[PDB]
There are 2 protein chains.
Amino acid sequence: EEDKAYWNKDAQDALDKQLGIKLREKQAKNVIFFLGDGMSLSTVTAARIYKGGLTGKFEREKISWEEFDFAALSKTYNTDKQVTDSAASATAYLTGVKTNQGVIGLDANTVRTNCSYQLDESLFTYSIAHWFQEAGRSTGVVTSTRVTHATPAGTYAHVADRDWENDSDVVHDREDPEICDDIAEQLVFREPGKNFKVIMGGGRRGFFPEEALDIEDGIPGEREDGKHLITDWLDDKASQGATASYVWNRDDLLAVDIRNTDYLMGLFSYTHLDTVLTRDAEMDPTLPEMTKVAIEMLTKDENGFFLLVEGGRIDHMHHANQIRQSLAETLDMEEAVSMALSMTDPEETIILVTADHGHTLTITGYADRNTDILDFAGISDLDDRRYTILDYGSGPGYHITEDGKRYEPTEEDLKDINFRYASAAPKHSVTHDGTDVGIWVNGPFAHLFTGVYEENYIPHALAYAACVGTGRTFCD
Amino acid sequence: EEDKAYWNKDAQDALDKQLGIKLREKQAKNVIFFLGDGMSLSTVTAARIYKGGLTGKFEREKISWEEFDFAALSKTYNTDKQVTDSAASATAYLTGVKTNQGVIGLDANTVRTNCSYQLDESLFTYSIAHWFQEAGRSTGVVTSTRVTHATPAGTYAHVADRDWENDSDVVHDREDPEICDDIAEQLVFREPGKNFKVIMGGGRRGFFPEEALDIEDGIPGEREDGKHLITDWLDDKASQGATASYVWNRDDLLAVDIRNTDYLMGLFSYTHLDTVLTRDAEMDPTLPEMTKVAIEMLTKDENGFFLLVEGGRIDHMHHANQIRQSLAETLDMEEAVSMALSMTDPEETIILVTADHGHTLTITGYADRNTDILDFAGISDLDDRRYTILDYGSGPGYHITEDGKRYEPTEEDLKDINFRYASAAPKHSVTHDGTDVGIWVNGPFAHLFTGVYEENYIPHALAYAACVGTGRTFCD
Ligand SMILES: *[C@@H]1O[C@H](CO)[C@@H](O)[C@H](O)[C@H]1NC(C)=O
Ligand SMILES: *[C@@H]1O[C@H](CO)[C@@H](O)[C@H](O)[C@H]1NC(C)=O
Ligand SMILES: [Zn+2]
Ligand SMILES: [Zn+2]
Ligand SMILES: [Zn+2]
Ligand SMILES: [Zn+2]
Ligand SMILES: [Zn+2]
Ligand SMILES: [Zn+2]
């Protein structure tokens, strides 16, 4: 068992590993950036124990990126709020500049929801994907959310409001769609989006009009301007002489001919992809599966590539206090990191994992070792009712019963994938959490991430290592 | 303002600092270890903002130790519980071995509360202080709690139950005080305690009997065996031919003759020292003040010293969900770190800050930048009542009013130093939080702390750098 000699050996071996670390002071050819949306440090710890329950290692289990030698902390406050949204943070960790709540790819002069600001090129911030393109290297994005969602949008878009995924959202805020480009338009018509070799995720709805119907579901599109952007995207590649494929299910994705495919657009859902615990495994590719094809495509570029992969529905589950699903989305991303590591050369590939912001998840005591992380922790000594190990500072989990008592979770509740674990402050959708989040890095110049940094530091360091952009560079 | 150019420069300057880092691969003469008891990463974020509210820098403020270049995470699960207590964690980050809940300086074979296990030397784990003393170096402890509390007890005691601070606690568990040494006895009669050059904190009560009265308060002591351990401590130093001083208030501490004082015992309270916001500043020394004198005394030793400093009441305030006080305790420690840095040479002194475990504090949205961290965040969209930025996953803050609604905090509540901010799961004392905590390190071999580690790793690394102990060593 876990006795003196055991813990002494465990520590000495970790010390030996630490002392055996070798710095990689050489250029990064590739950068793969994983983003766990709303994946607080507490989400990681919880997810680790969750994984341990599946492997029988429990609290001794390790998350794949926890094998990396470099971890760091990231300060997420933005230019007008203590607790950032996904838009302003993505602007920060992908374009290197912090900005206001709800804004993407514009600096803090921007007044949210006022489109004029997205017409002023002087306020634009440029993404690490843009910088890779300027250096003549390939780029792509993979996510479990609509591909027009704030996080992936950070790599290409410039909007005064992140809600403007399609033209109908622009119209809804009474701005002029003709001149106010929505995110979906920017992805297909403007740089850097129009040059991405790989685009995968959900959100088909934003790419064709109300008069047209969704492949798969036959749901009317959301566009109100008659544009069929998927066909525009395809026509465009064809006119360049390149080969392009649009797929919308797993079988077709897995069937794509890697060697002969220049551009790949894979949209697997009308909106966000189905959560891990609800998806049809036959029809939807998993995050690791999307990740692997992305890397196969982008890696054909002998000068390198940048790829963003987002485990995005971690956040959505947390907003509903649906912690069981949140942990399942997190492990899907954890497995995609293992997939990426198994396919790339660490002497030339940076793999970085971080979160945009956290969520108010906490891990209460005092269950025994090996207890299922989603289980009860004990019984309150104030009201004599059960309470769970996991709970929230914020969200719809707060529940006062009809007869005026604290809602007591049951066994059935715990297994219910839609059960909302208790919060301290009721809100229809949980707020994010302002606590610093983690960064974990492997590959060239991973040692640029050792201490505590502003969230916008990230891409400046990455550009230095990759030799892209107009900042200081390893190749300078 | 915080515009593009401003964030670009901010990031480039942080990059320039990172690239300028120089590794210190030399022996550590001194090691100063700060322990924020119960100081979760969320506590550190919140304290940072709390500090900013005092200085006018707000979210852009920095915690002193956040200036260190090396930060890491620490996994705090122990041998029987997911969420550790202060006893088993101190055994881990001070003796290098994880152990069971409530046990100090004995391995996991120990059945808590059963004294027999504290008679078996084979089960003993030895502290970093013990290692320093075996190498011929000085040691000391400083804390805001009773000096017999679990945290400082980790540097010297071996007990089957951390409650055994004095003999009356042993008796209370129906063990035999004659053979079961309480922690106060071990501090004064056994090694390594008996050799500490400096001992500061509270807890006088455990050092003299019921028949005797406290200096200052005249409160009867807790001992039931007639022992006057303070006089035993003094007699003992005198008989070695050394000069010793016992002080119990701030003037006397500050009046101590550093050059001619070999041993210093400073007990400033009957129990735990008064919290920051309640203490009489005339009668009680602050954490930084205790820290400075400790350093002044220990640093006379040309071969080096180890010093533990604990910001201990951080925890106690969080148990009561008294977040305002918790933050104030935290900054007292933050200031002590700055004191220690100003006093020592980083080419030869390691300064390391960490926490034993966290608490279930979360930071909710969405207050504007510059809002006081202790203020309201907004109004719930479910019950139309205010909620605070800060709240808890666990504790006594949970409050259902008489008419069966969520308690709505008022302005007066916020200002009240004893107001308990809301929790999600009511409990008389909040539980600790199982989430990984931070480590931040400066000086020689600070770069042994880059990634994610088991909590017991810490002292093994520190021993290697200081060249003490029987593990692998820089000097080997
Ligand atoms: C939008 O911005 C422009 C200025 O560049 C301004 O004239 C207009 O009034 C703004 N709209 C609002 C409602 O703030
Ligand atoms: C305490 O430990 C001893 C020694 O091995 C054993 O004889 C005894 O019954 C234990 N006490 C209890 C109550 O378990
Ligand atoms: Zn987000
Ligand atoms: Zn996202
Ligand atoms: Zn969110
Ligand atoms: Zn503690
Ligand atoms: Zn303590
Ligand atoms: Zn505690």
Side-chain angles (χ1 to χ4, degrees), chain A residues 38 40 42-43 45-47 49-54 58 274-279 313-331 359-368 370-429 431, chain B residues 82-83 360 362 380 382-383 391-395 398-400 404-406 422-427 431 433-435:
Chain A
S40 65
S42 59
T43 304
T45 294
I49 303 175
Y50 178 79
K51 183 180 177 190
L54 300 167
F58 303 108
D274 290 336
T275 54
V276 176
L277 296 189
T278 59
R279 65 176 170 215
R313 304 216 70 191
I314 291 172
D315 188 52
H316 305 327
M317 296 302 101
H318 269 170
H319 280 294
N321 287 162
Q322 286 176 166
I323 179 59
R324 185 169 216 105
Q325 295 208 58
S326 190
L327 298 187
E329 308 295 311
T330 300
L331 284 197
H359 250 97
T360 64
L361 177 68
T362 76
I363 300 181
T364 71
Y366 286 104
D368 287 344
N370 282 351
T371 306
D372 181 326
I373 199 62
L374 284 160
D375 212 334
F376 288 119
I379 294 181
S380 166
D381 62 356
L382 297 185
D383 60 20
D384 217 43
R385 298 177 163 227
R386 294 179 301 266
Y387 69 100
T388 43
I389 294 168
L390 303 178
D391 73 9
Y392 285 100
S394 173
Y398 186 89
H399 191 2
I400 283 185
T401 66
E402 220 128 78
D403 65 342
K405 307 319 167 204
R406 186 171 55 95
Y407 179 75
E408 192 176 20
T410 67
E411 247 139 32
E412 183 184 344
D413 286 337
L414 298 199
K415 297 175 172 293
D416 183 344
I417 65 164
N418 293 128
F419 180 66
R420 311 183 192 273
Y421 281 50
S423 67
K427 195 174 170 290
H428 170 85
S429 172
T431 71
Chain B
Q82 295 185 149
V83 186
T360 68
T362 78
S380 163
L382 297 188
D383 59 16
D391 72 17
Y392 285 96
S394 173
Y398 185 86
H399 191 357
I400 285 184
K405 306 323 166 205
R406 191 171 53 94
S423 68
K427 188 173 175 298
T431 70
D433 184 286
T435 295

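By convention in this document, chain letters (A, B, ...) are assigned in the order of the sequence lines, proteins followed by strands, and residues within each chain are numbered from 1.
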J.: Enter the distance from B:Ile400:CD1 to B:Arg406:CZ here, rounded to the nearest 0.5 Å.
T.: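 If we round to the nearest 0.5 Å, B:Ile400:CD1 and B:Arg406:CZ are 11.5 Å apart.
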
J.: Using modelled atom types and a 3.5 Å cut-off, is there a donor and acceptor pairing between side-chain atoms of B:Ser423 and backbone atoms of B:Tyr398?
T.: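 Checking the backbone N and O of B:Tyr398 against the side chain of B:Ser423, a donor-acceptor pair under 3.5 Å is found.
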
J.: Could you tell me which non-hydrogen atom of A:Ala377 sits nearest to which non-hydrogen atom of A:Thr364, and how far apart they are?
T.: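 So the two residues come closest at CB-OG1, 4.0 Å.
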
J.: With sequence neighbours left out, what residues match A:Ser42 under side-chain hydrogen bond (donor to acceptor under 3.5 Å, both in side chains)?
T.: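 For A:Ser42, the residues satisfying side-chain hydrogen bond (donor to acceptor under 3.5 Å, both in side chains) (neighbours in sequence not counted) are A:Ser40.
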
J.: Please check this pair: side chain of B:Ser380 against backbone of A:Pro426, looking for a donor-acceptor N/O pair closer than 3.5 Å.
T.: yes

J.: Verify side chain to side chain contact (heavy atoms under 4.5 Å, CB included) between A:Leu414 and A:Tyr421, making sure each step is shown before the conclusion.
T.: CA-CA 8 Å; A:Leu414 298 199; A:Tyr421 281 50; 3.7 Å; yes

J.: Please tell me if the side chains of A:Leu331 and A:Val276 come closer than 4.5 Å, counting only heavy atoms from C-beta onward.
T.: no

J.: I'd like to check the side chain to side chain contact (heavy atoms under 4.5 Å, CB included) partners of A:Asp416; sequence neighbours left out, ordered by chain and number.
T.: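 By the side chain to side chain contact (heavy atoms under 4.5 Å, CB included) rule, A:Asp416 matches A:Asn418, A:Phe419.
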
J.: Distance check, rounded to the nearest 0.5 Å: A:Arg385 atom CZ versus A:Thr401 atom OG1?
T.: 5.5 Å

J.: Classify the ring geometry between A:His318 and A:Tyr392 as parallel (under 30°), tilted (30 to 60°) or perpendicular (over 60°).
T.: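 Perpendicular, since the angle between the ring planes exceeds 60°.
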
J.: What residues form a salt bridge (charged side-chain N to carboxylate O under 4.0 Å, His left out) with A:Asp375, not counting sequence neighbours?
T.: none

J.: Answer yes or no: is there a side-chain heavy-atom contact under 4.5 Å between A:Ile363 and A:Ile389?
T.: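 A:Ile363 reaches A:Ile389 side chain to side chain.
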
J.: Measure the OG1-CG distance between A:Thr45 and A:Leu361 for me, rounded to the nearest 0.5 Å.
T.: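 If I round to the nearest 0.5 Å, the distance is 9.0 Å.
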
J.: Could you state the interatomic distance from CG (A:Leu327) to CD1 (A:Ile314), rounded to the nearest 0.5 Å?
T.: 9.5 Å

J.: For residues B:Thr362 and A:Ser394, determine if any side-chain heavy atom of one lies less than 4.5 Å from a side-chain heavy atom of the other.
T.: no

J.: Would you say the side-chain atoms of A:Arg420 pair up with the backbone N or O of A:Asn321, donor to acceptor, closer than 3.5 Å?
T.: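 Between the backbone of A:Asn321 and the side chain of A:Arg420 there is no qualifying donor-acceptor contact (under 3.5 Å).
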
J.: Is there a donor-acceptor pair closer than 3.5 Å between any side-chain N or O of A:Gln322 and the backbone N or O of A:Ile417?
T.: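 No; zero donor-acceptor contacts below 3.5 Å.
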
J.: List the residues meeting side-chain hydrogen bond (donor to acceptor under 3.5 Å, both in side chains) with A:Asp384, not counting sequence neighbours, and say none if there are none.
T.: none

J.: side-chain hydrogen bond (donor to acceptor under 3.5 Å, both in side chains) with A:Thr275: which residues, sequence neighbours excluded?
T.: A:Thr278, A:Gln325

J.: Closest approach of B:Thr431 and A:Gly365, non-hydrogen atoms and distance?
T.: OG1-N, 3.1 Å

J.: For residues B:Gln82 and A:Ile49, determine if any side-chain heavy atom of one lies less than 4.5 Å from a side-chain heavy atom of the other.
T.: yes

J.: Who passes salt bridge (charged side-chain N to carboxylate O under 4.0 Å, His left out) against A:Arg279, sequence neighbours left out?
T.: A:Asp332

J.: If you measure from NZ on A:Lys415 to CG on A:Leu374, what distance do you get to the nearest 0.5 Å?
T.: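 That separation rounds to 10.5 Å.
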
J.: Minimum heavy-atom separation for B:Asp391 and A:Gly393, please, with both atom names.
T.: OD2-O, 2.6 Å

J.: Determine, step by step, whether A:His359 and A:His319 satisfy the side chain to side chain contact (heavy atoms under 4.5 Å, CB included) criterion, reporting the C-alpha distance in whole Å, the side-chain angles of both residues, the deciding distance to 0.1 Å, and the verdict.
T.: CA-CA 8 Å; A:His359 250 97; A:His319 280 294; 3.8 Å; yes

J.: Nearest 0.5 Å, what's the CZ-CG distance between A:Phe376 and A:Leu390?
T.: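 The CZ atom of A:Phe376 sits 12.5 Å away from the CG atom of A:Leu390.
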
